[PDB]
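I have placed the structure first, in the form of structure tokens, so that the comments after it can refer back to it.
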Amino acid sequence: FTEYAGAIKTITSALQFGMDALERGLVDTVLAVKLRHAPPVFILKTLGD
Amino acid sequence: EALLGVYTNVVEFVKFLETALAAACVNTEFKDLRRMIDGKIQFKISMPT
């Protein structure tokens, strides 16, 4: 039983690994869209006036 | 003629739990440590992606 129930703890923690590394994919790809649309200060300041 | 002398005491010092150095270490009283050969700590670090 302690071999079974220690093997279901491995396969959950390998699969909590899958989803909780895919919530990092949101935060990365949302930030990557923002950095593609972020021109710097020195270009955009004189266009702001 | 019985002679008496003057002895000055040993200057006592603040014990180890009453100094502020023990804020940096965690103190346990292991009674029989002369029987210990080794002592180990095992970490298991799971790393996300």
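Ordering of the structure tokens sets the chain letters (A, B, ...), residue numbers begin anew at 1 in every chain, and ligands are numbered from 1 in the order given.
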For chain A, list the residues within 12 Å of chain B, counting only C-alpha atoms, and write the list as a list in words.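 Every residue meeting the condition is included here: residues 10, 13, 14, 15, 16, 17, 18, 19, 20, 21, 22, 23, 24, 25 and 28 of chain A.
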Atoms kept (C-alpha atoms) for selection, written as a PDB file, in the first residue's frame:
ATOM      1  CA  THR A  10       4.711  10.947  -7.807  1.00  0.00           C
ATOM      2  CA  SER A  13       3.311  15.931  -8.542  1.00  0.00           C
ATOM      3  CA  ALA A  14       4.459  15.230 -12.089  1.00  0.00           C
ATOM      4  CA  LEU A  15       1.083  16.472 -13.316  1.00  0.00           C
ATOM      5  CA  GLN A  16       0.721  19.427 -10.988  1.00  0.00           C
ATOM      6  CA  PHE A  17       4.074  20.193 -12.652  1.00  0.00           C
ATOM      7  CA  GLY A  18       2.367  20.291 -16.039  1.00  0.00           C
ATOM      8  CA  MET A  19      -0.357  22.809 -15.274  1.00  0.00           C
ATOM      9  CA  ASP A  20       1.717  25.019 -12.972  1.00  0.00           C
ATOM     10  CA  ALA A  21       4.384  25.305 -15.673  1.00  0.00           C
ATOM     11  CA  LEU A  22       1.655  26.300 -18.120  1.00  0.00           C
ATOM     12  CA  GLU A  23       0.431  29.165 -15.954  1.00  0.00           C
ATOM     13  CA  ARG A  24       3.964  30.460 -16.433  1.00  0.00           C
ATOM     14  CA  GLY A  25       3.248  30.350 -20.167  1.00  0.00           C
ATOM     15  CA  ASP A  28       5.558  34.942 -20.263  1.00  0.00           C
TER      16      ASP A  28
END
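Computed from the coordinates, the CA of residue 40 (chain B) to CA of residue 24 (chain B) distance equals 20.2 Å.
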Could you jot down the CA of residue 14 (chain B) to CA of residue 27 (chain B) separation for me, Å, one decimal place?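 Distance reported for this atom pair: 16.2 Å.
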Which residues in chain B does DSSP call helix (DSSP H, G or I)? List them as a PyMOL selection string. chain B and resi 16-18+20-23
In Å, rounded to a single decimal, give me how far CA of residue 13 (chain B) is from CA of residue 28 (chain B).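 Going from CA of residue 28 (chain B) over to CA of residue 13 (chain B) covers 20.8 Å.
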